[PDB]
Structures are given as structure tokens and as C-alpha cells.
file final24.pdb (PDB, N, CA and C atoms)
ATOM      1  N   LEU A   1       0.800  -1.210   0.000  1.00  0.00           N
ATOM      2  CA  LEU A   1       0.000   0.000   0.000  1.00  0.00           C
ATOM      3  C   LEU A   1       0.837   1.266   0.000  1.00  0.00           C
ATOM      4  N   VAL A   2       1.349   1.580   1.203  1.00  0.00           N
ATOM      5  CA  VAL A   2       2.154   2.760   1.410  1.00  0.00           C
ATOM      6  C   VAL A   2       3.320   2.801   0.444  1.00  0.00           C
ATOM      7  N   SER A   3       3.642   4.002  -0.049  1.00  0.00           N
ATOM      8  CA  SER A   3       4.718   4.069  -0.998  1.00  0.00           C
ATOM      9  C   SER A   3       5.984   3.455  -0.446  1.00  0.00           C
ATOM     10  N   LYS A   4       6.838   2.983  -1.355  1.00  0.00           N
ATOM     11  CA  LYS A   4       8.134   2.416  -1.017  1.00  0.00           C
ATOM     12  C   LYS A   4       8.894   3.459  -0.184  1.00  0.00           C
ATOM     13  N   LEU A   5       8.936   4.677  -0.730  1.00  0.00           N
ATOM     14  CA  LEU A   5       9.623   5.756  -0.061  1.00  0.00           C
ATOM     15  C   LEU A   5       9.084   5.976   1.315  1.00  0.00           C
ATOM     16  N   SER A   6       7.775   6.035   1.428  1.00  0.00           N
ATOM     17  CA  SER A   6       7.150   6.297   2.724  1.00  0.00           C
ATOM     18  C   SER A   6       7.439   5.261   3.791  1.00  0.00           C
ATOM     19  N   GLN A   7       7.439   4.046   3.314  1.00  0.00           N
ATOM     20  CA  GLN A   7       7.706   2.881   4.107  1.00  0.00           C
ATOM     21  C   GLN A   7       9.173   2.929   4.575  1.00  0.00           C
ATOM     22  N   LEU A   8      10.091   3.172   3.653  1.00  0.00           N
ATOM     23  CA  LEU A   8      11.521   3.290   3.936  1.00  0.00           C
ATOM     24  C   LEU A   8      11.811   4.373   4.984  1.00  0.00           C
ATOM     25  N   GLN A   9      11.149   5.506   4.828  1.00  0.00           N
ATOM     26  CA  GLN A   9      11.265   6.623   5.719  1.00  0.00           C
ATOM     27  C   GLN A   9      10.892   6.309   7.157  1.00  0.00           C
ATOM     28  N   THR A  10       9.737   5.696   7.355  1.00  0.00           N
ATOM     29  CA  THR A  10       9.227   5.328   8.669  1.00  0.00           C
ATOM     30  C   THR A  10      10.081   4.283   9.397  1.00  0.00           C
ATOM     31  N   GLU A  11      10.449   3.222   8.667  1.00  0.00           N
ATOM     32  CA  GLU A  11      11.293   2.132   9.142  1.00  0.00           C
ATOM     33  C   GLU A  11      12.658   2.684   9.548  1.00  0.00           C
ATOM     34  N   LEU A  12      13.235   3.555   8.702  1.00  0.00           N
ATOM     35  CA  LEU A  12      14.542   4.158   8.936  1.00  0.00           C
ATOM     36  C   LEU A  12      14.553   5.055  10.166  1.00  0.00           C
ATOM     37  N   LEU A  13      13.486   5.804  10.343  1.00  0.00           N
ATOM     38  CA  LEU A  13      13.411   6.681  11.488  1.00  0.00           C
ATOM     39  C   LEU A  13      13.277   5.888  12.778  1.00  0.00           C
ATOM     40  N   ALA A  14      12.479   4.815  12.777  1.00  0.00           N
ATOM     41  CA  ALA A  14      12.329   4.027  13.988  1.00  0.00           C
ATOM     42  C   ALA A  14      13.673   3.397  14.293  1.00  0.00           C
ATOM     43  N   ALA A  15      14.348   2.845  13.272  1.00  0.00           N
ATOM     44  CA  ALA A  15      15.662   2.231  13.414  1.00  0.00           C
ATOM     45  C   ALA A  15      16.686   3.173  14.064  1.00  0.00           C
ATOM     46  N   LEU A  16      16.644   4.448  13.691  1.00  0.00           N
ATOM     47  CA  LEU A  16      17.534   5.437  14.251  1.00  0.00           C
ATOM     48  C   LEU A  16      17.237   5.681  15.704  1.00  0.00           C
ATOM     49  N   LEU A  17      15.973   5.845  16.001  1.00  0.00           N
ATOM     50  CA  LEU A  17      15.632   6.093  17.389  1.00  0.00           C
ATOM     51  C   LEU A  17      16.041   4.892  18.297  1.00  0.00           C
ATOM     52  N   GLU A  18      15.830   3.678  17.782  1.00  0.00           N
ATOM     53  CA  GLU A  18      16.148   2.450  18.506  1.00  0.00           C
ATOM     54  C   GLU A  18      17.640   2.346  18.771  1.00  0.00           C
ATOM     55  N   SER A  19      18.402   2.848  17.799  1.00  0.00           N
ATOM     56  CA  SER A  19      19.838   2.827  17.838  1.00  0.00           C
ATOM     57  C   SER A  19      20.378   3.872  18.805  1.00  0.00           C
ATOM     58  N   UNK A  20      19.587   4.831  19.248  1.00  0.00           N
ATOM     59  CA  UNK A  20      20.161   5.803  20.177  1.00  0.00           C
ATOM     60  C   UNK A  20      20.105   7.252  19.764  1.00  0.00           C
ATOM     61  N   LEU A  21      19.531   7.518  18.570  1.00  0.00           N
ATOM     62  CA  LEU A  21      19.414   8.884  18.061  1.00  0.00           C
ATOM     63  C   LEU A  21      19.065   9.900  19.150  1.00  0.00           C
ATOM     64  N   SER A  22      19.907  10.953  19.283  1.00  0.00           N
ATOM     65  CA  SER A  22      19.774  12.032  20.279  1.00  0.00           C
ATOM     66  C   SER A  22      18.656  13.000  20.027  1.00  0.00           C
ATOM     67  N   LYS A  23      18.193  13.602  21.096  1.00  0.00           N
ATOM     68  CA  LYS A  23      17.123  14.537  20.925  1.00  0.00           C
ATOM     69  C   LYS A  23      17.628  15.800  20.258  1.00  0.00           C
ATOM     70  N   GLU A  24      18.883  16.068  20.549  1.00  0.00           N
ATOM     71  CA  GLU A  24      19.532  17.223  19.971  1.00  0.00           C
ATOM     72  C   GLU A  24      19.488  17.174  18.412  1.00  0.00           C
ATOM     73  N   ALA A  25      19.789  16.010  17.846  1.00  0.00           N
ATOM     74  CA  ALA A  25      19.781  15.748  16.425  1.00  0.00           C
ATOM     75  C   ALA A  25      18.379  15.959  15.841  1.00  0.00           C
ATOM     76  N   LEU A  26      17.362  15.467  16.534  1.00  0.00           N
ATOM     77  CA  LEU A  26      15.993  15.619  16.037  1.00  0.00           C
ATOM     78  C   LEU A  26      15.574  17.078  16.096  1.00  0.00           C
ATOM     79  N   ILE A  27      16.045  17.763  17.123  1.00  0.00           N
ATOM     80  CA  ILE A  27      15.727  19.175  17.294  1.00  0.00           C
ATOM     81  C   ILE A  27      16.394  19.965  16.173  1.00  0.00           C
ATOM     82  N   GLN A  28      17.586  19.510  15.782  1.00  0.00           N
ATOM     83  CA  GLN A  28      18.318  20.102  14.684  1.00  0.00           C
ATOM     84  C   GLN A  28      17.588  19.945  13.345  1.00  0.00           C
ATOM     85  N   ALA A  29      17.084  18.712  13.109  1.00  0.00           N
ATOM     86  CA  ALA A  29      16.261  18.386  11.913  1.00  0.00           C
ATOM     87  C   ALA A  29      14.917  19.141  11.868  1.00  0.00           C
ATOM     88  N   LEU A  30      14.260  19.287  12.998  1.00  0.00           N
ATOM     89  CA  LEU A  30      12.994  20.013  13.043  1.00  0.00           C
ATOM     90  C   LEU A  30      13.187  21.506  12.773  1.00  0.00           C
ATOM     91  N   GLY A  31      14.334  22.017  13.243  1.00  0.00           N
ATOM     92  CA  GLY A  31      14.689  23.427  13.080  1.00  0.00           C
ATOM     93  C   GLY A  31      14.636  23.963  11.637  1.00  0.00           C
ATOM     94  N   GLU A  32      14.807  23.070  10.639  1.00  0.00           N
ATOM     95  CA  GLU A  32      14.784  23.460   9.241  1.00  0.00           C
ATOM     96  C   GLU A  32      13.426  23.960   8.850  1.00  0.00           C
ATOM     97  N   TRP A  33      12.517  24.018   9.813  1.00  0.00           N
ATOM     98  CA  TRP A  33      11.153  24.478   9.579  1.00  0.00           C
ATOM     99  C   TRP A  33      10.899  25.753  10.367  1.00  0.00           C
TER     100      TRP A  33
ATOM    101  N   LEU B   1      37.323   9.482  13.203  1.00  0.00           N
ATOM    102  CA  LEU B   1      37.126  10.050  14.523  1.00  0.00           C
ATOM    103  C   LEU B   1      35.810   9.637  15.157  1.00  0.00           C
ATOM    104  N   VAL B   2      34.745  10.309  14.685  1.00  0.00           N
ATOM    105  CA  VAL B   2      33.409  10.073  15.181  1.00  0.00           C
ATOM    106  C   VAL B   2      33.043   8.607  15.088  1.00  0.00           C
ATOM    107  N   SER B   3      32.329   8.106  16.101  1.00  0.00           N
ATOM    108  CA  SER B   3      31.999   6.710  16.062  1.00  0.00           C
ATOM    109  C   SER B   3      31.283   6.343  14.782  1.00  0.00           C
ATOM    110  N   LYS B   4      31.406   5.073  14.397  1.00  0.00           N
ATOM    111  CA  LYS B   4      30.738   4.522  13.228  1.00  0.00           C
ATOM    112  C   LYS B   4      29.235   4.802  13.378  1.00  0.00           C
ATOM    113  N   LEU B   5      28.719   4.430  14.552  1.00  0.00           N
ATOM    114  CA  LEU B   5      27.316   4.626  14.831  1.00  0.00           C
ATOM    115  C   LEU B   5      26.927   6.060  14.683  1.00  0.00           C
ATOM    116  N   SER B   6      27.707   6.942  15.269  1.00  0.00           N
ATOM    117  CA  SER B   6      27.386   8.368  15.227  1.00  0.00           C
ATOM    118  C   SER B   6      27.341   8.969  13.837  1.00  0.00           C
ATOM    119  N   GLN B   7      28.285   8.503  13.065  1.00  0.00           N
ATOM    120  CA  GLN B   7      28.454   8.890  11.694  1.00  0.00           C
ATOM    121  C   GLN B   7      27.243   8.384  10.886  1.00  0.00           C
ATOM    122  N   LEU B   8      26.901   7.115  11.046  1.00  0.00           N
ATOM    123  CA  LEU B   8      25.756   6.489  10.385  1.00  0.00           C
ATOM    124  C   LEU B   8      24.445   7.225  10.689  1.00  0.00           C
ATOM    125  N   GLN B   9      24.272   7.581  11.950  1.00  0.00           N
ATOM    126  CA  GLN B   9      23.125   8.300  12.423  1.00  0.00           C
ATOM    127  C   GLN B   9      22.920   9.646  11.752  1.00  0.00           C
ATOM    128  N   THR B  10      23.965  10.455  11.700  1.00  0.00           N
ATOM    129  CA  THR B  10      23.938  11.781  11.096  1.00  0.00           C
ATOM    130  C   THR B  10      23.675  11.772   9.586  1.00  0.00           C
ATOM    131  N   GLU B  11      24.395  10.893   8.875  1.00  0.00           N
ATOM    132  CA  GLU B  11      24.280  10.686   7.437  1.00  0.00           C
ATOM    133  C   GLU B  11      22.862  10.228   7.101  1.00  0.00           C
ATOM    134  N   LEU B  12      22.333   9.270   7.882  1.00  0.00           N
ATOM    135  CA  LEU B  12      21.000   8.713   7.683  1.00  0.00           C
ATOM    136  C   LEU B  12      19.904   9.750   7.888  1.00  0.00           C
ATOM    137  N   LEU B  13      20.082  10.586   8.889  1.00  0.00           N
ATOM    138  CA  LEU B  13      19.093  11.605   9.151  1.00  0.00           C
ATOM    139  C   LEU B  13      19.082  12.655   8.053  1.00  0.00           C
ATOM    140  N   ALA B  14      20.257  13.058   7.556  1.00  0.00           N
ATOM    141  CA  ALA B  14      20.288  14.055   6.500  1.00  0.00           C
ATOM    142  C   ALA B  14      19.641  13.445   5.274  1.00  0.00           C
ATOM    143  N   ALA B  15      19.982  12.186   4.951  1.00  0.00           N
ATOM    144  CA  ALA B  15      19.417  11.465   3.817  1.00  0.00           C
ATOM    145  C   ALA B  15      17.881  11.435   3.844  1.00  0.00           C
ATOM    146  N   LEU B  16      17.309  11.254   5.029  1.00  0.00           N
ATOM    147  CA  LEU B  16      15.875  11.235   5.190  1.00  0.00           C
ATOM    148  C   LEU B  16      15.276  12.588   4.923  1.00  0.00           C
ATOM    149  N   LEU B  17      15.882  13.595   5.497  1.00  0.00           N
ATOM    150  CA  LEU B  17      15.339  14.923   5.278  1.00  0.00           C
ATOM    151  C   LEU B  17      15.385  15.314   3.769  1.00  0.00           C
ATOM    152  N   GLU B  18      16.485  14.944   3.108  1.00  0.00           N
ATOM    153  CA  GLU B  18      16.689  15.241   1.692  1.00  0.00           C
ATOM    154  C   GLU B  18      15.645  14.548   0.834  1.00  0.00           C
ATOM    155  N   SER B  19      15.272  13.351   1.291  1.00  0.00           N
ATOM    156  CA  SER B  19      14.316  12.518   0.617  1.00  0.00           C
ATOM    157  C   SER B  19      12.898  13.037   0.812  1.00  0.00           C
ATOM    158  N   UNK B  20      12.647  13.934   1.748  1.00  0.00           N
ATOM    159  CA  UNK B  20      11.268  14.397   1.885  1.00  0.00           C
ATOM    160  C   UNK B  20      10.618  14.206   3.232  1.00  0.00           C
ATOM    161  N   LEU B  21      11.372  13.620   4.189  1.00  0.00           N
ATOM    162  CA  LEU B  21      10.855  13.383   5.536  1.00  0.00           C
ATOM    163  C   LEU B  21       9.989  14.533   6.054  1.00  0.00           C
ATOM    164  N   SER B  22       8.739  14.207   6.462  1.00  0.00           N
ATOM    165  CA  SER B  22       7.732  15.157   6.973  1.00  0.00           C
ATOM    166  C   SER B  22       8.004  15.698   8.346  1.00  0.00           C
ATOM    167  N   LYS B  23       7.472  16.870   8.595  1.00  0.00           N
ATOM    168  CA  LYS B  23       7.694  17.444   9.887  1.00  0.00           C
ATOM    169  C   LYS B  23       6.898  16.700  10.938  1.00  0.00           C
ATOM    170  N   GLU B  24       5.775  16.196  10.472  1.00  0.00           N
ATOM    171  CA  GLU B  24       4.909  15.429  11.338  1.00  0.00           C
ATOM    172  C   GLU B  24       5.664  14.210  11.957  1.00  0.00           C
ATOM    173  N   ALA B  25       6.417  13.496  11.127  1.00  0.00           N
ATOM    174  CA  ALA B  25       7.215  12.351  11.503  1.00  0.00           C
ATOM    175  C   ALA B  25       8.278  12.745  12.536  1.00  0.00           C
ATOM    176  N   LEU B  26       8.938  13.872  12.315  1.00  0.00           N
ATOM    177  CA  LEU B  26       9.975  14.311  13.251  1.00  0.00           C
ATOM    178  C   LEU B  26       9.349  14.714  14.575  1.00  0.00           C
ATOM    179  N   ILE B  27       8.167  15.297  14.490  1.00  0.00           N
ATOM    180  CA  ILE B  27       7.452  15.726  15.685  1.00  0.00           C
ATOM    181  C   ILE B  27       7.035  14.489  16.475  1.00  0.00           C
ATOM    182  N   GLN B  28       6.694  13.429  15.740  1.00  0.00           N
ATOM    183  CA  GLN B  28       6.344  12.157  16.334  1.00  0.00           C
ATOM    184  C   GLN B  28       7.520  11.518  17.082  1.00  0.00           C
ATOM    185  N   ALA B  29       8.700  11.546  16.423  1.00  0.00           N
ATOM    186  CA  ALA B  29       9.976  11.066  17.019  1.00  0.00           C
ATOM    187  C   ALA B  29      10.432  11.892  18.239  1.00  0.00           C
ATOM    188  N   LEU B  30      10.275  13.197  18.187  1.00  0.00           N
ATOM    189  CA  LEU B  30      10.657  14.046  19.311  1.00  0.00           C
ATOM    190  C   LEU B  30       9.752  13.822  20.524  1.00  0.00           C
ATOM    191  N   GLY B  31       8.475  13.543  20.226  1.00  0.00           N
ATOM    192  CA  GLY B  31       7.465  13.300  21.256  1.00  0.00           C
ATOM    193  C   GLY B  31       7.822  12.222  22.297  1.00  0.00           C
ATOM    194  N   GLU B  32       8.692  11.261  21.918  1.00  0.00           N
ATOM    195  CA  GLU B  32       9.097  10.190  22.810  1.00  0.00           C
ATOM    196  C   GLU B  32       9.870  10.732  23.974  1.00  0.00           C
ATOM    197  N   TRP B  33      10.008  12.049  24.033  1.00  0.00           N
ATOM    198  CA  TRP B  33      10.739  12.715  25.103  1.00  0.00           C
ATOM    199  C   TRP B  33       9.789  13.586  25.909  1.00  0.00           C
TER     200      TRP B  33
END
call {"tool": "encode", "arguments": {"input": "final24.pdb", "output": "C-alpha cells"}}
result
Amino acid sequence: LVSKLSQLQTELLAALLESXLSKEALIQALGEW
Amino acid sequence: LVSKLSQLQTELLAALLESXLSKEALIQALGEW
């Protein structure tokens, strides 16, 4: 159903968070808005 | 220098944003805090 890209995006983000991704990094990514 | 993991994390996050990653998704990831 969900696009390949969309699916890849969601899976990749969960994988990062599971791996230890810092809040600082996410705050940095959100800042581009 | 930077750990393999750390390096992978940063590269992966930029790749996601470049690909189109939504703000909603990042807001969802930040929310776990």
C-alpha cells in the first residue's frame, strides 16, 4: 500500500531512534522548519 | 574520529530529510521525550 519511499522513511526513522538517536539531532532536523 | 554509529546516524538523518521526511514524523519522534 504505502509508498516504497514512505515505508523506507518510517522504518529508517524508527531504526535510528532504537539505535540511540539524540534529541539534539531531532531538534536540529525540526529546526529546518 | 566520530563513532561509526554516530556517523551512520547523522548521514542517515540528513538522507531522510533530503528525501522528503515530513515534519509530522519528526514531531512524532521528538514526542518520545
call {"tool": "resolve_selection", "arguments": {"input": "final24.pdb", "expression": "the PyMOL selection byres ((chain A) within 7 of (chain B))", "output": "CSV table (one decimal) with N, CA and C atoms, in the frame of the given file"}}
result
chain,number,residue,atom,x,y,z
A,9,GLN,N,11.1,5.5,4.8
A,9,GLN,CA,11.3,6.6,5.7
A,9,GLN,C,10.9,6.3,7.2
A,16,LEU,N,16.6,4.4,13.7
A,16,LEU,CA,17.5,5.4,14.3
A,16,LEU,C,17.2,5.7,15.7
A,21,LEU,N,19.5,7.5,18.6
A,21,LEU,CA,19.4,8.9,18.1
A,21,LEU,C,19.1,9.9,19.2
A,23,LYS,N,18.2,13.6,21.1
A,23,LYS,CA,17.1,14.5,20.9
A,23,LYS,C,17.6,15.8,20.3
A,26,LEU,N,17.4,15.5,16.5
A,26,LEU,CA,16.0,15.6,16.0
A,26,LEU,C,15.6,17.1,16.1
A,27,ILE,N,16.0,17.8,17.1
A,27,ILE,CA,15.7,19.2,17.3
A,27,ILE,C,16.4,20.0,16.2
A,30,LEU,N,14.3,19.3,13.0
A,30,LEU,CA,13.0,20.0,13.0
A,30,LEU,C,13.2,21.5,12.8
call {"tool": "calpha_fit_and_write", "arguments": {"input": "final24.pdb", "fixed": "chain A", "moving": "chain B", "output": "PDB file with N, CA and C atoms, keeping the file's coordinate frame"}}
result
ATOM      1  N   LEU B   1       0.800  -1.209   0.000  1.00  0.00           N
ATOM      2  CA  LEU B   1      -0.001   0.000   0.000  1.00  0.00           C
ATOM      3  C   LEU B   1       0.837   1.267   0.000  1.00  0.00           C
ATOM      4  N   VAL B   2       1.349   1.579   1.203  1.00  0.00           N
ATOM      5  CA  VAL B   2       2.154   2.761   1.409  1.00  0.00           C
ATOM      6  C   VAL B   2       3.320   2.802   0.444  1.00  0.00           C
ATOM      7  N   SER B   3       3.642   4.002  -0.050  1.00  0.00           N
ATOM      8  CA  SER B   3       4.717   4.069  -0.998  1.00  0.00           C
ATOM      9  C   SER B   3       5.984   3.455  -0.446  1.00  0.00           C
ATOM     10  N   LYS B   4       6.838   2.984  -1.354  1.00  0.00           N
ATOM     11  CA  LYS B   4       8.134   2.416  -1.017  1.00  0.00           C
ATOM     12  C   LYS B   4       8.895   3.459  -0.184  1.00  0.00           C
ATOM     13  N   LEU B   5       8.936   4.677  -0.730  1.00  0.00           N
ATOM     14  CA  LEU B   5       9.623   5.757  -0.061  1.00  0.00           C
ATOM     15  C   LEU B   5       9.084   5.975   1.314  1.00  0.00           C
ATOM     16  N   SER B   6       7.776   6.036   1.428  1.00  0.00           N
ATOM     17  CA  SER B   6       7.149   6.297   2.724  1.00  0.00           C
ATOM     18  C   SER B   6       7.439   5.261   3.790  1.00  0.00           C
ATOM     19  N   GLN B   7       7.438   4.046   3.314  1.00  0.00           N
ATOM     20  CA  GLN B   7       7.706   2.881   4.107  1.00  0.00           C
ATOM     21  C   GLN B   7       9.173   2.930   4.576  1.00  0.00           C
ATOM     22  N   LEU B   8      10.092   3.172   3.653  1.00  0.00           N
ATOM     23  CA  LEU B   8      11.522   3.290   3.937  1.00  0.00           C
ATOM     24  C   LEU B   8      11.812   4.373   4.983  1.00  0.00           C
ATOM     25  N   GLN B   9      11.149   5.506   4.828  1.00  0.00           N
ATOM     26  CA  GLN B   9      11.266   6.623   5.719  1.00  0.00           C
ATOM     27  C   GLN B   9      10.892   6.309   7.156  1.00  0.00           C
ATOM     28  N   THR B  10       9.736   5.697   7.355  1.00  0.00           N
ATOM     29  CA  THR B  10       9.226   5.327   8.669  1.00  0.00           C
ATOM     30  C   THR B  10      10.080   4.283   9.397  1.00  0.00           C
ATOM     31  N   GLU B  11      10.449   3.221   8.667  1.00  0.00           N
ATOM     32  CA  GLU B  11      11.292   2.131   9.141  1.00  0.00           C
ATOM     33  C   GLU B  11      12.657   2.684   9.548  1.00  0.00           C
ATOM     34  N   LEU B  12      13.235   3.555   8.702  1.00  0.00           N
ATOM     35  CA  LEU B  12      14.542   4.159   8.935  1.00  0.00           C
ATOM     36  C   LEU B  12      14.553   5.055  10.166  1.00  0.00           C
ATOM     37  N   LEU B  13      13.485   5.804  10.343  1.00  0.00           N
ATOM     38  CA  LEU B  13      13.411   6.680  11.488  1.00  0.00           C
ATOM     39  C   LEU B  13      13.277   5.888  12.778  1.00  0.00           C
ATOM     40  N   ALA B  14      12.478   4.815  12.777  1.00  0.00           N
ATOM     41  CA  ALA B  14      12.330   4.027  13.988  1.00  0.00           C
ATOM     42  C   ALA B  14      13.673   3.397  14.293  1.00  0.00           C
ATOM     43  N   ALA B  15      14.348   2.845  13.271  1.00  0.00           N
ATOM     44  CA  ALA B  15      15.662   2.231  13.414  1.00  0.00           C
ATOM     45  C   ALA B  15      16.686   3.174  14.065  1.00  0.00           C
ATOM     46  N   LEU B  16      16.645   4.448  13.691  1.00  0.00           N
ATOM     47  CA  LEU B  16      17.534   5.437  14.251  1.00  0.00           C
ATOM     48  C   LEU B  16      17.237   5.681  15.704  1.00  0.00           C
ATOM     49  N   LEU B  17      15.973   5.846  16.000  1.00  0.00           N
ATOM     50  CA  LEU B  17      15.632   6.093  17.389  1.00  0.00           C
ATOM     51  C   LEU B  17      16.041   4.892  18.297  1.00  0.00           C
ATOM     52  N   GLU B  18      15.830   3.678  17.782  1.00  0.00           N
ATOM     53  CA  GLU B  18      16.148   2.450  18.506  1.00  0.00           C
ATOM     54  C   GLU B  18      17.640   2.345  18.772  1.00  0.00           C
ATOM     55  N   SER B  19      18.403   2.848  17.799  1.00  0.00           N
ATOM     56  CA  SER B  19      19.838   2.827  17.838  1.00  0.00           C
ATOM     57  C   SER B  19      20.378   3.872  18.805  1.00  0.00           C
ATOM     58  N   UNK B  20      19.587   4.832  19.248  1.00  0.00           N
ATOM     59  CA  UNK B  20      20.161   5.803  20.176  1.00  0.00           C
ATOM     60  C   UNK B  20      20.105   7.252  19.764  1.00  0.00           C
ATOM     61  N   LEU B  21      19.530   7.518  18.569  1.00  0.00           N
ATOM     62  CA  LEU B  21      19.414   8.884  18.061  1.00  0.00           C
ATOM     63  C   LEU B  21      19.065   9.900  19.151  1.00  0.00           C
ATOM     64  N   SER B  22      19.907  10.953  19.283  1.00  0.00           N
ATOM     65  CA  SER B  22      19.774  12.033  20.280  1.00  0.00           C
ATOM     66  C   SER B  22      18.656  13.000  20.027  1.00  0.00           C
ATOM     67  N   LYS B  23      18.192  13.602  21.096  1.00  0.00           N
ATOM     68  CA  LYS B  23      17.123  14.538  20.925  1.00  0.00           C
ATOM     69  C   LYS B  23      17.628  15.800  20.258  1.00  0.00           C
ATOM     70  N   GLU B  24      18.883  16.068  20.549  1.00  0.00           N
ATOM     71  CA  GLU B  24      19.532  17.223  19.972  1.00  0.00           C
ATOM     72  C   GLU B  24      19.488  17.175  18.411  1.00  0.00           C
ATOM     73  N   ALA B  25      19.789  16.010  17.846  1.00  0.00           N
ATOM     74  CA  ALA B  25      19.781  15.748  16.425  1.00  0.00           C
ATOM     75  C   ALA B  25      18.379  15.959  15.841  1.00  0.00           C
ATOM     76  N   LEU B  26      17.362  15.467  16.534  1.00  0.00           N
ATOM     77  CA  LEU B  26      15.993  15.619  16.037  1.00  0.00           C
ATOM     78  C   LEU B  26      15.574  17.078  16.096  1.00  0.00           C
ATOM     79  N   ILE B  27      16.045  17.763  17.123  1.00  0.00           N
ATOM     80  CA  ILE B  27      15.727  19.175  17.295  1.00  0.00           C
ATOM     81  C   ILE B  27      16.394  19.966  16.173  1.00  0.00           C
ATOM     82  N   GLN B  28      17.586  19.510  15.783  1.00  0.00           N
ATOM     83  CA  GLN B  28      18.317  20.102  14.684  1.00  0.00           C
ATOM     84  C   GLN B  28      17.588  19.945  13.344  1.00  0.00           C
ATOM     85  N   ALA B  29      17.084  18.713  13.109  1.00  0.00           N
ATOM     86  CA  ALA B  29      16.261  18.385  11.913  1.00  0.00           C
ATOM     87  C   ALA B  29      14.917  19.141  11.868  1.00  0.00           C
ATOM     88  N   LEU B  30      14.260  19.287  12.998  1.00  0.00           N
ATOM     89  CA  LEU B  30      12.994  20.013  13.043  1.00  0.00           C
ATOM     90  C   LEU B  30      13.187  21.506  12.773  1.00  0.00           C
ATOM     91  N   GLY B  31      14.334  22.017  13.243  1.00  0.00           N
ATOM     92  CA  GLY B  31      14.689  23.427  13.080  1.00  0.00           C
ATOM     93  C   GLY B  31      14.636  23.963  11.637  1.00  0.00           C
ATOM     94  N   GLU B  32      14.807  23.070  10.638  1.00  0.00           N
ATOM     95  CA  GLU B  32      14.784  23.460   9.240  1.00  0.00           C
ATOM     96  C   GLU B  32      13.426  23.960   8.850  1.00  0.00           C
ATOM     97  N   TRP B  33      12.516  24.018   9.813  1.00  0.00           N
ATOM     98  CA  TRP B  33      11.154  24.478   9.579  1.00  0.00           C
ATOM     99  C   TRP B  33      10.899  25.753  10.366  1.00  0.00           C
TER     100      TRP B  33
END
call {"tool": "select_by_dssp", "arguments": {"input": "final24.pdb", "residues": "chain B", "states": "alpha helix (DSSP H)", "output": "short mmCIF file (atom, residue, chain, number, x, y, z; two decimals) with N, CA and C atoms, keeping the file's coordinate frame"}}
result
data_model
loop_
_atom_site.label_atom_id
_atom_site.label_comp_id
_atom_site.auth_asym_id
_atom_site.auth_seq_id
_atom_site.Cartn_x
_atom_site.Cartn_y
_atom_site.Cartn_z
N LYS B 4 31.41 5.07 14.40
CA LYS B 4 30.74 4.52 13.23
C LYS B 4 29.24 4.80 13.38
N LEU B 5 28.72 4.43 14.55
CA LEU B 5 27.32 4.63 14.83
C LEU B 5 26.93 6.06 14.68
N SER B 6 27.71 6.94 15.27
CA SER B 6 27.39 8.37 15.23
C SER B 6 27.34 8.97 13.84
N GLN B 7 28.28 8.50 13.06
CA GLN B 7 28.45 8.89 11.69
C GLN B 7 27.24 8.38 10.89
N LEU B 8 26.90 7.12 11.05
CA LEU B 8 25.76 6.49 10.38
C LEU B 8 24.44 7.22 10.69
N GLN B 9 24.27 7.58 11.95
CA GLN B 9 23.12 8.30 12.42
C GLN B 9 22.92 9.65 11.75
N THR B 10 23.96 10.46 11.70
CA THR B 10 23.94 11.78 11.10
C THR B 10 23.68 11.77 9.59
N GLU B 11 24.40 10.89 8.88
CA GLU B 11 24.28 10.69 7.44
C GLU B 11 22.86 10.23 7.10
N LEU B 12 22.33 9.27 7.88
CA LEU B 12 21.00 8.71 7.68
C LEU B 12 19.90 9.75 7.89
N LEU B 13 20.08 10.59 8.89
CA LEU B 13 19.09 11.60 9.15
C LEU B 13 19.08 12.66 8.05
N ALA B 14 20.26 13.06 7.56
CA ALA B 14 20.29 14.06 6.50
C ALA B 14 19.64 13.44 5.27
N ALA B 15 19.98 12.19 4.95
CA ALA B 15 19.42 11.46 3.82
C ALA B 15 17.88 11.44 3.84
N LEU B 16 17.31 11.25 5.03
CA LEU B 16 15.88 11.24 5.19
C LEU B 16 15.28 12.59 4.92
N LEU B 17 15.88 13.60 5.50
CA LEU B 17 15.34 14.92 5.28
C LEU B 17 15.38 15.31 3.77
N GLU B 18 16.48 14.94 3.11
CA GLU B 18 16.69 15.24 1.69
C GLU B 18 15.64 14.55 0.83
N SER B 19 15.27 13.35 1.29
CA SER B 19 14.32 12.52 0.62
C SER B 19 12.90 13.04 0.81
N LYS B 23 7.47 16.87 8.60
CA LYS B 23 7.69 17.44 9.89
C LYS B 23 6.90 16.70 10.94
N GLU B 24 5.78 16.20 10.47
CA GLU B 24 4.91 15.43 11.34
C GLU B 24 5.66 14.21 11.96
N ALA B 25 6.42 13.50 11.13
CA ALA B 25 7.22 12.35 11.50
C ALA B 25 8.28 12.74 12.54
N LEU B 26 8.94 13.87 12.32
CA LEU B 26 9.98 14.31 13.25
C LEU B 26 9.35 14.71 14.58
N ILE B 27 8.17 15.30 14.49
CA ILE B 27 7.45 15.73 15.68
C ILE B 27 7.04 14.49 16.48
N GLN B 28 6.69 13.43 15.74
CA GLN B 28 6.34 12.16 16.33
C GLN B 28 7.52 11.52 17.08
N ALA B 29 8.70 11.55 16.42
CA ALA B 29 9.98 11.07 17.02
C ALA B 29 10.43 11.89 18.24
N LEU B 30 10.28 13.20 18.19
CA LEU B 30 10.66 14.05 19.31
C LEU B 30 9.75 13.82 20.52
#
call {"tool": "atom_distance", "arguments": {"input": "final24.pdb", "atom1": "atom N of residue 2 of chain A", "atom2": "atom C of residue 28 of chain A"}}
result
27.4 Å
call {"tool": "atom_distance", "arguments": {"input": "final24.pdb", "atom1": "atom CA of residue 18 of chain A", "atom2": "atom C of residue 4 of chain A"}}
result
20.1 Å
call {"tool": "atom_distance", "arguments": {"input": "final24.pdb", "atom1": "atom C of residue 7 of chain B", "atom2": "atom C of residue 1 of chain A"}}
result
29.4 Å
